[PDB]
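**Q** Experimental coordinates for this protein are included below, preceded by the sequence.
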Amino acid sequence: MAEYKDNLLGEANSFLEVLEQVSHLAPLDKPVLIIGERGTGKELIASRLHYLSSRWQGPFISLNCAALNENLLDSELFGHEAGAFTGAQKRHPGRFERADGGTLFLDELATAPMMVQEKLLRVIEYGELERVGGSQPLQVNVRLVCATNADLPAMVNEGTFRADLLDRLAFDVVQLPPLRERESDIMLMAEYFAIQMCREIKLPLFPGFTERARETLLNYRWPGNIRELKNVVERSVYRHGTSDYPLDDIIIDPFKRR
DNA sequence: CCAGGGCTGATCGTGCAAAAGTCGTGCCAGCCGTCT
Ligand SMILES: Nc1ncnc2c1ncn2[C@@H]1O[C@H](COP(=O)(O)OP(=O)(O)O)[C@@H](O)[C@H]1O
């Protein structure tokens, strides 16, 4: 029941809500999903579901479902008790076996390949996985949480991603709102970042913010968000490179040439 | 004076696979027994 807390940083009255919705499902062991756009602050949330569960005792391995080897998929996922180096006592590890009693994080689910998608399937609800070799398969108790920024329904129409896997996985999908829509925690997010930032670049103390600064930073549709705010602020700050006069200028894109 | 961290050394490991070798049986050439 212990709470990690970390950096909730939400003053949205909709991030509050976001925290509230996930909290109810934290105890739950059902498959879940997390959906975010290019700038959504979702990695913390996957941890905030498992951080808040009874099985908070469990290990929280989270694989990157996009980078696995096509060829080693069978081995990587399951693993083979015989290990290596002959009569060696060292046993093979495994993917799904190394997450019993703890939440498993799957990322880039939409991007995950057809071989991976078919391979998932059949292990999601059955609970039995058999390592290459042998005649015995052992049930694992593993909690599926999936984070994706891509739109699943469109993928289903295309046929690129199997429809059944998506349907079976996550009864409830958490909704994350874009930053242009928070619109409120920027005064707060922006300072927090900048405050960190001052010690990473080794300044003492923030100068302060011009009103204009805040006219620009409110006023913009912020394409691929949050992370975006950090970048707009972190650069702009190191840019300025001092602590006499307050911060006066922020650049949205360091592309434009001048 | 007692507990925590580092580091060295002590310990466990008789097989998998690649190429050379043998195996059995067939194909064909050359000698020899016998009838016409
Ligand atoms: N509520 C928050 N509190 C603190 N930091 C946040 C929050 N939301 C976003 N961030 C910052 O923005 C980044 C979000 O990246 P991430 O969630 O990994 O993107 P994605 O979910 O698209 O992979 C993090 O590195 C984090 O520092």
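**A** It's in. Numbers count the residues shown, from 1 in each chain, chains lettered A, B, ... in the order given.
**Q** How about the residue nearest to the spatial centre of chain A, nearest residue that isn't a chain neighbour?
**A** Among the residues of chain A, the one closest to the centroid is residue A:43, at 2.4 Å (C-alpha atoms, centre = their mean). Spatial nearest neighbour of residue A:43, chain neighbours left out: residue A:147 (7.3 Å); criterion: C-beta to C-beta, 6 or more residues apart in numbering. Using the backbone N, CA and C atoms, a C-beta is placed for each residue, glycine as well.
**Q** and the residue of chain A found nearest the ligand, helix, strand or coil?
**A** Minimum separation of chain A from the ligand (C-beta to the nearest ligand atom) falls at residue A:41, amounting to 2.5 Å. Following DSSP: H, G, I helix; E, B strand; the rest coil, we place residue A:41 in the coil state.
**Q** Report the contact partners of residue A:106.
**A** For residue A:106, the contact set (C-beta atoms under 8 Å, 6 or more residues apart in numbering) comprises A:62, A:63, A:65, A:112, A:144, A:145, A:146, A:147.
**Q** neighbours around the first one, how many?
**A** Using other C-beta atoms under 10 Å, residue A:62 has 18 neighbouring residues.
**Q** and if you look at the fourth one?
**A** Counted with other C-beta under 10 Å, residues neighbouring residue A:112 total 23.
**Q** Find the helix or strand that the closest residue to residue A:69 other than its chain neighbours is a member of.
**A** Distance criterion C-beta to C-beta, 6+ apart; nearest residue to residue A:69, sequence neighbours excluded, is residue A:76 at 6.5 Å. Residue A:76 belongs to helix A:73-77 when assigned by DSSP states H and E.
**Q** could you say which helix or strand contains residue A:254?
**A** Here residue A:254 is assigned to no helix or strand, by DSSP H and E.
**Q** show me what contacts it?
**A** So residue A:254 contacts residue A:235 (C-beta under 8 Å, 6+ apart).
**Q** on that earlier part again, number of residues surrounding the residue nearest to residue A:69?
**A** Residue A:76, neighbours per other C-beta under 10 Å, totals 16.
**Q** wait, doesn't it sit right on residue A:65?
**A** No: judged on C-beta atoms under 8 Å, residue A:76 makes no contact with residue A:65 at a distance of 10.9 Å.
**Q** all helices for chain A, in order.
**A** A:15-25, A:43-50, A:73-77, A:114-120, A:152-158, A:163-168, A:179-182, A:186-200, A:211-218, A:227-240 (DSSP state H).
**Q** Tell me the helices and strands packed up against the first one.
**A** Applying 3 or more C-beta pairs under 8 Å, 6 or more residues apart in numbering; DSSP states H and E, one finds that helix A:15-25 contacts helix A:43-50, strand A:172-175.
**Q** Quick one: residues in contact with the last one.
**A** So the one you mean is strand A:172-175. In contact with strand A:172-175 (C-beta under 8 Å, 6+ apart) are residues A:18, A:21, A:22, A:25, A:30, A:32, A:33, A:34, A:35, A:45.
**Q** my read: the first one touches residue A:181, true?
**A** It refers to residue A:18. No: the criterion here is C-beta under 8 Å, and residue A:18 misses it with residue A:181 at 11.3 Å.
**Q** buried stuff in stretch A:222-230?
**A** Buried residues in stretch A:222-230, defined by neighbour count with 16 or more other C-beta atoms under 10 Å: A:222, A:225, A:226, A:228, A:229, A:230.
**Q** hey, C-alpha coordinates of stretch A:74-93 in CSV?
**A** The C-alpha coordinates for stretch A:74-93 follow below in CSV (Å, rounded to 0.1, in the frame of the first residue of the first chain):
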residue,chain,number,x,y,z
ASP,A,74,10.7,-18.3,-29.2
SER,A,75,13.7,-18.4,-26.9
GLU,A,76,13.6,-14.8,-25.8
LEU,A,77,9.9,-15.0,-24.8
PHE,A,78,10.0,-18.5,-23.2
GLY,A,79,13.6,-19.4,-22.6
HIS,A,80,15.2,-23.1,-22.3
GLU,A,81,15.8,-24.7,-18.9
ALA,A,82,18.8,-26.6,-20.4
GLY,A,83,20.7,-23.3,-20.5
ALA,A,84,24.1,-23.4,-22.0
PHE,A,85,27.6,-25.0,-21.6
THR,A,86,26.5,-28.6,-21.4
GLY,A,87,25.8,-30.2,-17.9
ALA,A,88,26.0,-26.6,-16.7
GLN,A,89,23.8,-26.0,-13.7
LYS,A,90,23.0,-22.5,-14.7
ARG,A,91,19.4,-22.4,-15.9
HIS,A,92,18.0,-20.2,-18.7
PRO,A,93,16.1,-17.1,-17.6
